[PDB]
Structures are given as structure tokens and as C-alpha cells.
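One chain is shown next in C-alpha cells, namely the form deposited in one PDB entry.
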């Protein structure tokens, strides 16, 4: 049997399908990084770092052995390993398997697909099978550490923030958290404000609300990226104790997708 085996059927397959539903085509060209803890999907959208961690526990069965494997999601520069998780690409989808075989750095992933047929017969779509050898060498740089501040925004609150975000490099935007727990985002022509609090439309729940800060971002990318990914409300995660500060926005809907934006040094 294959050393590494991944299965999605039933409830777990439904969970994954729901997670991918808002993401549309956004992740179809991506790096898949596979290890014991799950599949980390990585891409860049409008120059910004985008991640989707699919935890091992979210799969019906998950077994991994040997080193981390990385795969480009595209096979023969056409079909994607993640095309199976598009909302309506396989209407009768019933089961998906990943088998990874061979030895590093030359292992092959095989993806197999089943559809429930009349009377609930699980028939394999053999012609839709996908095969991919791992990247023989890869480097990916990944977020680490605990954020200094976390602020959870509902879908209306985040869309207000994206509207307050600057339209171009010539009109940058500032994110600030003040001594009184006032959180605010502003630029040359507009401003938005919220009352942050530790875990009523202006109330924002969070962690380390007492840690005041001011940070700036030049790019309009944060609005474009988070709309592209269809983020329906999310946690703003601020990383401040680094040479370049960073903001990670993690979605709170069906998708667990995250975009990371570099912040102007203080």
C-alpha cells in the first residue's frame, strides 16, 4: 500500500467543498505542501502571500510518511489538483483520494475521483485521474509566531475597513489601535473607527486590545486580494516585533484562507 494516503468522503468532503466554494479559481495554480499535519496551499495574489491550511483532521483519513512533499497544483500546465473542489465542476462527487508513492525526492501523487451513481453507486471517474511527481527541490517561506494583536471583524466591519484602505501608493493607509481601545483605519480622504474589546455595530472583539500600535501600508492590494478571495469577515492579525511589520487577514467563513501583507517599518 501507498505510504501516504488521504481520503475525503461524506461529511469531510462536504466540509472541504464548502471551504473551497468562495475561493473560486483563486487557488487553482498554487503550491501544495504536504506533510504530517496536513496540506498547506500557497499562492500569491496581486503580489501578496496567500495561504490555505487544510489540517489532517479535516480529511476522512490522513496518513503521511517520509519527508514533506511539495507539488505544483497544475498537471501538464492545464488541469489542477484542486479543480475537484470547485463548486460545480463535479456535481455528483462522492469521494476523493490522494495516494503518494515512491521515495523522496521523486515521489508521485495520484488523485482519484468517484461520483455517486444511481442508487448511490460509487463509480470511479478513471479518465479524470491526476498524477503529479513532487518538486525535486523547493523553498517556501511561511508565517510563524503568535500575532501581537488580533481583531475579529464581521463581514460589514471588514468591508468598511477595505473601503477605508488607500486607493494607490500615492495615498497610503494607517491602521491604529489607541490607549482607550479605539481601533481606526484612515487615509488621505477617508476614515473608519471601531471600539475594540477583549473576548453595537462598532464593537470589535479581539486579543491584546491593550497593545497600542500605529502601522502603515502603501498598496491598495489589501482590498483587491480580500475581495478576490471573497473574505466574508475575518481576523486582522498584527505582527509588530519584526523589522518589517506584517498584517495577516484570516477569513472566518467556510474558508480558512489567509492573506499576508507587509507593513511599512516603524
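Numbering follows the first chain given and starts at 1. Definition used throughout: the rigid core is the maximal C-alpha set that superposes within 1.5 Å between two forms.
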ask   = How about residue 219: is it missing from at least a third of the other entries compared?
value = no
query = For residue 199, does the count of other compared entries lacking it reach at least a third?
reply = yes
inquiry  = With respect to the deposited sequence, is there a break between residue 199 and residue 200 in this entry, and if so is it 1 to 3, 4 to 9, or 10 or more residues, or none at all?
reply    = 10 or more
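One more form of this protein exists, namely the form deposited in another entry; it is left out here, but the text below deals with it.
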remark   = Comparing between the shown form and the other one on the core: of 140, 75, 192, 167, the CA moving 2 angstroms or more sits at 167
key: C-alpha of residue 103 moved at least 2 Å between the shown form and the other one on rigid core   = no
query = Taking the rigid core as the frame, does residue 255 move its C-alpha by 2 Å or more between the shown form and the other one?
reply = yes
request  = Compare the position of the CA of residue 127 between the shown form and the other one after a rigid core fit and state whether the shift reaches 2 Å.
outcome  = no
request  = Please say whether the CA atoms of residue 37 and residue 254 come closer or move farther apart in the other form, knowing the change relative to this form is 3 Å or more.
outcome  = closer
query = Once you compare with this form, do the C-alpha atoms of residue 228 and residue 220 lie closer or farther in the other form, given a change of 3 Å or more?
reply = farther
